[PDB]
Amino acid sequence: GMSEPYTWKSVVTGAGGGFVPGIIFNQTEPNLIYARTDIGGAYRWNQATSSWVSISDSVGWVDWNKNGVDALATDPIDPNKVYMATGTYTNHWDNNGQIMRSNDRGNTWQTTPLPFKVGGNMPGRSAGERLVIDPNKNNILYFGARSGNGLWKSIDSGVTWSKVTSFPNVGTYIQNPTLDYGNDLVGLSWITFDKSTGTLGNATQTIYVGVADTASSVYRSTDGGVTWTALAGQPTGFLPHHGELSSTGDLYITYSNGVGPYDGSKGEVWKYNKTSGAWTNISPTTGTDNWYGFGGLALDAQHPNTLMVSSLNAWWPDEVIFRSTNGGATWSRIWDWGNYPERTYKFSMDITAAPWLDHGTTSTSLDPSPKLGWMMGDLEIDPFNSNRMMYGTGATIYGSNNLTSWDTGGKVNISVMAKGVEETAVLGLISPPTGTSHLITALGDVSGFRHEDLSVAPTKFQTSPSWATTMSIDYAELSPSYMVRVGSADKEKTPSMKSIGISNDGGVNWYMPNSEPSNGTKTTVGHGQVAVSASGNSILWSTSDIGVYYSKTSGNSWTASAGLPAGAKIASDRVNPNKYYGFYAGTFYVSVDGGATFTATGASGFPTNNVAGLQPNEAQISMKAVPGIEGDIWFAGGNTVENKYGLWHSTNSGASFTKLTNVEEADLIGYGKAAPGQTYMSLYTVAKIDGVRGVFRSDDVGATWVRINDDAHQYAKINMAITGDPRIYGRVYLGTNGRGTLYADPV
Ligand SMILES: OC[C@H]1O[C@@H](O[C@H]2[C@@H](OC[C@H]3O[C@@H](O[C@H]4[C@H](O)[C@@H](O)[C@H](O)O[C@@H]4CO[C@H]4OC[C@@H](O)[C@H](O)[C@H]4O)[C@H](O)[C@@H](O)[C@@H]3O)OC[C@@H](O)[C@@H]2O)[C@H](O)[C@@H](O)[C@H]1O
Ligand SMILES: [Cl-]
């Protein structure tokens with residue numbers, strides 16, 4: 001069992017590229033800020049460099065669900081302490097969650113398993129915070145759970161947790177009762193202490209709790225959590241996203257008719273006075289002027305009658321931030337209509353940290369580029385600096401350092417504030433053997449990028465075609481400037497858009513071919529996997545819906561392949577352009593006529609990742625032919641159910657494989673430049689070798705393996721993508737599901 005020290009760095013996107021449902025300011029120590037994501041763990045802010053530091057990269061393979069951070073609380077009495085409620089899904093895709101605790105601001109963690117599931121990537125994840133510390137008695141914490149598990153509490157600083165059985169409402173709202181995703185109760189929505197009802201060293205007596213129940217959503221305890229009642233006279237019909245208590249004694253609540261993050265077509269904002277019990281509707285828009293929920297809610301701690309709310313979601317032409325300086329009596333919009341369709345703006349967008357955020361499109365008043373945002377469920381004002389705002393969108397963290405310019409006739413300068421954040425899901429990677437780019441990525445949501453300087457954010461979004469998610473990308477090994485990517489075009493927005501993109505200049509410029517695979521009745525929606533012949537004279541497209549198709553006309557025409565079942569994984573030989581390989585349900589296939597016909601080989605023992613009790617990200621199939629060697633294929637994948645799991649090698653074009661006996665488990669395989677004095681390329685694998693899960697390199701065709709990551713650089717379920725660099729020995733590129741792309745070299 002060996003290991004080699006490596007330097008692990010992020011491939012920089014500048015924006016992060018993912019959803020940030022929560023930003024949490026410490027109420028005591030200035031500039032102590034945390035950010036939580038739905039699939040990529042959490043971050044802590046570094047004021048000296050205006051950047052975020054991940055406090056989650058020790059999360060590994062088995063405990064991968066810890067990177068779903070449903071809630072986070074930072075301790076106002078001892079700011080060194082921070083807690084997280086983690087777990088990713090509450091349906092059959094995940095196991096139970098946990099509460100994690102740290103005494104060093106997230107540098108190290110201890111964990112307490114929960115007897116139920118946590119939903120860091122489930123609906124309503126931007127509602128919160130659902131984990132809070134008693135600001136007068138910091139050994140006390142409360143957690144508002146999902147799925148009907150109700151209210152839970154700790155009195156030993158989060159080490160043990162007990163159900164608050166006296167809480168009367170576990171939730172009634174269900175987002176998708178007829179789907180397998182989100183068919184459970186959303187549950188509790190947020191918890192808020194009233195610090196004035198305690199003193200330092202004495203438990204806070206008044207606690208407010210929001211619940212996802214349109215008929216009765218806001219609750220209070222006035223005896224320290226023993227007895228609970230619904231607030232009299234509260235509004236009904238909506239779902240409270242946040243509840244924030246001003247020092248003036250007013251509780252402000254944003255409401256949407258959904259829990260988000262994607263919906264919300266009606267909304268309200270209310271304020272409740274804790275002394276009189278009076279409810280006041282302070283919705284910025286009502287009636288037909290309102291077509292969106294209200295999500296983000298930010299109080300100004302230094303000016304307790306100043307607050308802001310964000311739409312969730314207005315969509316067109318953009319979202320809206322509303323600001324009030326008189327407790328919600330009147331609101332000022334961050335933009336207004338001038339002479340239609342011209343608009344006026346109280347803000348300026350700065351995306352110089354991630355220029356690709358313009359999606360390659362010029363901005364107009366009715367179609368801004370970049371937009372102010374979307375999925376704006378969390379809006380924050382720095383409690384120690386009224387001029388600092390931060391908010392999360394579906395793509396990045398935005399912020400300002402001159403917010404009060406709003407009040408004095410100026411413009412709020414909004415800029416990307418996501419430095420150090422990487423949150424994309426990586427669906428594919430290629431390291432081109434030639435040209436200025438060593439890495440082209442296939443990403444969810446933001447398509448992917450052709451990188452040059454891995455420390456500089458890309459300037460160009462992938463267009464013509466333009467889509468959200470690239471599912472696969474490949475290049476012609478013998479003509480690496482020829483390159484093909486497939487995703488899923490939005491043909492309701494652009495009915496002429498295609499789900500396949502082709503490049504002749506190594507991914508600097510793409511174009512869309514004339515046709516797509518079609519079975520006469522229906523044209524493919526896209527996605528699936530693509531493979532490009534060694535010479536670039538043909539393309540193989542294993543579509544997601546209508547099976548395997550090939551093109552010998554660079555996408556001008558597609559013909560269905562025979563003998564290879566729909567859903568098969570595919571790969572091209574890197575030397576013989578006539579040779580394609582396929583795999584489906586334990587059977588390996590080979591084509592020798594450019595992908596027109598496939599025949600099964602006798603390769604035996606391959607896993608049929610068909611088993612019943614497998615979570616969506618638990619198993620994988622990684623199959624790649626070797627550059628420069630015809631018929632040399634490596635194969636990684638499987639699962640422990642079937643006891644078919646590891647790394648195989650064929651040198652006879654897949655007629656038979658040898659399973660490496662020194663590799664207990666393997667999920668991905670990739671190739672990089674040969675070590676000095678070696679002729680065969682180095683192997684890179686995500687695997688379990690000699691009892692250790694991690695990333696391994698072999699310079700001797702798999703005879704011996706060295707671990708090139710470590711326990712501080714694991715990145716949760718890393719079964720997404722891996723490749724070496726054909727020009728740089730020792731270099732590895734590692735995809736993740738929520739931490740973007742990493743690259744690493746020996747120290
Ligand atoms: O019944 C299935 C149901 O799922 C619906 O999608 C929801 C579901 O998706 C699961 C996937 O979530 C990804 O993480 C998302 C994250 O939730 C989003 O907040 C953010 O915007 O994007 C990331 C990444 O997603 C992109 O990259 C990976 C690719 O698989 C995705 O298709 C792509 O969008 C995880 O990375 C995935 O591992 C996970 O499978 O749960 C989270 C919800 O946010 C989704 O909406 C789907 O809409 C529906 O049609 C149906 O399939
Ligand atoms: Cl797009």
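Both ligands and their constituent atoms are indexed starting at 1 by order of listing. Count residues from 1 along the sequence. All values below come from the heavy atoms of this structure, side chains included, with hydrogens, waters and symmetry mates left out.
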Closest protein heavy atom (residue, atom, distance) for atom 28 (C) of ligand 1: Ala425 CB, 3.7 Å
Closer than 4.0 Å: a protein non-hydrogen atom to atom 18 (C) of ligand 1: yes
Close approach, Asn737 and ligand 1, non-hydrogen under 4.0 angstrom: yes
Proximity to ligand 1 by part of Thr424, non-hydrogen separation under 4.0 Å: neither
Residue and atom name of the nearest protein heavy atom (relative to atom 21 (O) of ligand 1), distance in Å to one decimal: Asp445 OD2, 2.8 Å
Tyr89 and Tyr181 aromatic ring geometry - parallel, tilted or perpendicular at 30°/60° bounds: perpendicular
Sub-4.0 Å protein heavy atom next to atom 2 (C) of ligand 1: yes
Backbone of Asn65 reached by a side-chain donor or acceptor of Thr88 within 3.5 Å: yes
Sub-4.0 Å atoms of ligand 1 with respect to non-hydrogen atoms of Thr469: 33 (C)
Ligand 1 contact on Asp38 by region, counting heavy-atom pairs under 4.0 Å: side chain
Shortest protein heavy-atom distance from atom 37 (C) of ligand 1, along with the residue and atom involved: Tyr89 OH, 4.1 Å
Electrostatic pair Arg693-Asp667, nearest N-O below 4.0 angstrom: yes
Distance-only polar pair, side chains of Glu618 and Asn609, donor-acceptor under 3.5 Å: no
Part of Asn121 within contact of ligand 1 (heavy atoms, under 4.0 Å): both
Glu422 side chain vs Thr13 backbone, donor-acceptor pair below 3.5 Å: yes
Polar atom proximity, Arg125 to ligand 1 (N or O, under 3.5 Å): yes
Aromatic ring pairing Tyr391/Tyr398, orientation class (parallel under 30°, perpendicular over 60°, tilted between): tilted
Atom 31 (C) of ligand 1 within contact range, any protein heavy atom under 4.0 Å: no
Option set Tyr262, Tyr181, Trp93, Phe19, criterion heavy-atom distance to atom 7 (C) of ligand 1, minimum: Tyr181
Ring geometry between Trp45 and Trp52 (parallel below 30°, tilted from 30 to 60°, perpendicular above 60°): perpendicular
Is_contact(atom 46 (O) of ligand 1), protein non-hydrogen, under 4.0 Å: yes
N/O donor-acceptor pair under 3.5 Å between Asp70 side chain and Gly87 backbone: no
Those atoms of ligand 1 less than 4.0 Å from some heavy atom in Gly444: 26 (C), 27 (O)
Expected output: side-chain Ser447 to main-chain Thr469 donor-acceptor under 3.5 Å: no
Protein contact for atom 51 (C) of ligand 1 (heavy atom, distance under 4.0 Å): no
Atoms of ligand 1 close to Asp180 [distance to a heavy atom under 4.0 angstrom, numbered from 1]: 1 (O), 2 (C)
Option among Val532, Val484, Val486, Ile440 that satisfies the side chain to side chain contact (heavy atoms under 4.5 Å, CB included) test with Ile473: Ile440
Backbone N/O of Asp378 and side chain of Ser126: donor-acceptor pair under 3.5 Å: no
